[PDB]
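>
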Amino acid sequence: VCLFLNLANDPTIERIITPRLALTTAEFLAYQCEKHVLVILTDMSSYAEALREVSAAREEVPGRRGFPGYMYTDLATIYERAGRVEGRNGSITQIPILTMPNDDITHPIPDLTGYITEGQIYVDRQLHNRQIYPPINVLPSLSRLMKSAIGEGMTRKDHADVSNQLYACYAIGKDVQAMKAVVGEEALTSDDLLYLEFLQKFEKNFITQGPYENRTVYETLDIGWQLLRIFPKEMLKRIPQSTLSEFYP
Amino acid sequence: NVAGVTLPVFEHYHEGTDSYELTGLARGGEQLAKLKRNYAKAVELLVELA
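Residue numbers (PDB author numbering), protein chains in the order written: chain 3, 257 to 505; chain 7, 100 to 149.
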């Protein structure tokens, strides 16, 4: 790990410089030397604030919401310094962190970063209130390149079907919790009871990770199959019969 | 309470009071008990339908 720290009380121009410095280092280490790298950036909103600072210094008229009008070009320059290239083997993968200004999804910063990035991950406050150490949400998240990031040549063939089936199951289970909120359990079927079981056990076991627990991808697939096993083979509509024949027993 | 609404519903309770056995008229009790069953089943089904 190569680490960089910039304090909140430091000069702002240092804040402007620092992420570019780190990206240069990652670039060199990943292209001049054959190595994959994973760059993480934290609190890019502070970088936006420093960009506003330098813009104010140079006497430029603010655009939307006071942010500089050339924020978009800058954020383009910071990003897209990653991927794979011809004739090489190294790679870069970029994971910044954004802070939401009071859940404004139309705020320029998150909006632009969404327009320039592929997919997104959310953090849900209600889960944090529920004391789940990873507060990562499931329903609104999405990965653009999942279809090719996995496959037979990767960890395991089953994974796409498992993910689709459990996605549908989790969504429907949330809807069933919404039902039981009003209708009452007395008018409930056995299948919906199994769905509720799936929801509660999912929350209790799968999503919870722990600050010092490690799980290889094979273990995650196995736990997912443990969750899937609760339903009969027929209720798993999304999965082709083949995968069920190999794995469900 | 099939739902959030409250639903009226009835049950066929049997108090058990003594019925009026009739036997004076040529001792027809054999037909009368047959009737006591035929109409009683009907009454049960009425209560259900109501």
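Using N, Cα and C, we set each Cβ at its ideal position, and we do this for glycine too.
(1) Could you tell me which whole alpha helix (DSSP H) segments of length 4 or greater appear in the segment 442-470 of chain 3?
(2) Taking DSSP as the reference, what is the three-state secondary structure of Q350 (chain 3)?
(3) Which residues does DSSP pair with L297 (chain 3) in a beta bridge?
(4) With C-beta atoms as the reference, is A304 (chain 3) less than 7 Å away from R271 (chain 3)?
(5) By DSSP, does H292 (chain 3) sit in helix, in strand, or in coil?
(6) At a cut of 8 Å, does the segment 465-473 of chain 3 reach the segment 445-454 of chain 3 through at least three beta carbon pairs?
(7) Beta-carbon separation of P390 (chain 3) and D380 (chain 3) under 7 Å?
(8) Measure how close the beta-carbons of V439 (chain 3) and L484 (chain 3) come, nearest whole angstrom, since I'm counting them as under 8 Å.
(9) Could you give the uninterrupted runs of the beta strand (DSSP E) lying entirely in the segment 314-391 of chain 3, keeping only those of 3 residues or more?
(10) Give me whichever residues DSSP pairs with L124 (chain 7) in a beta bridge.
(11) Over what stretch of residues does the alpha helix (DSSP H) that includes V432 (chain 3) continue unbroken?
(12) Taking 6 Å as the limit between beta carbons, can you name the residues of its chain near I351 (chain 3), skipping five residues before and five after?
From the atom records:
(1) Whole alpha helix (DSSP H) segments, 4+ residues: 446-457.
(2) Within the first sequence, the letter at position 94 stands for residue 350 (chain 3). Here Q350 (chain 3) sits in strand by DSSP.
(3) Position 41 of the first sequence, counting from 1, holds the residue named residue 297 (chain 3). In DSSP, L297 (chain 3) forms a bridge with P352 (chain 3).
(4) Here residue 304 (chain 3) is taken as the residue at index 48 of the first sequence, counted from 1. Here residue 271 (chain 3) is taken as the residue at index 15 of the first sequence, counted from 1. Taking C-beta atoms as the reference points, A304 (chain 3) and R271 (chain 3) fail to come closer than 7 Å.
(5) Along the first sequence, read from residue 1 onward, the residue named residue 292 (chain 3) stands at position 36. Looking at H292 (chain 3) - three-state DSSP - the assignment turns out to be strand.
(6) Counting Cβ pairs under 8 Å, fewer than three are found: no touch.
(7) For the purposes of this step, residue 390 (chain 3) is taken as the residue at position 134 of the first sequence. For the purposes of this step, residue 380 (chain 3) is taken as the residue at position 124 of the first sequence. Against a cut-off of 7 Å, the Cβ pair of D380 (chain 3) and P390 (chain 3) comes out as no contact.
(8) Here residue 439 (chain 3) refers to the residue found at position 183 when the first sequence is read from its first residue. Here residue 484 (chain 3) refers to the residue found at position 228 when the first sequence is read from its first residue. With a Cβ gap of about 26 Å, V439 (chain 3) and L484 (chain 3) do not count as contacting.
(9) Counting only runs of 3 or more, we get 347-352.
(10) Locating residue 124 (chain 7) in the second sequence gives position 25, where the first residue counts as 1. For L124 (chain 7), which the question treats as bridged, DSSP gives no partner whatsoever.
(11) Taking the first residue of the first sequence as position 1, residue 432 (chain 3) is located at position 176. Per DSSP, the unbroken alpha helix (DSSP H) holding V432 (chain 3) starts and ends at 415-438.
(12) As a working note, residue 351 (chain 3) is residue 95 in the first sequence. Here the set comprises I296.
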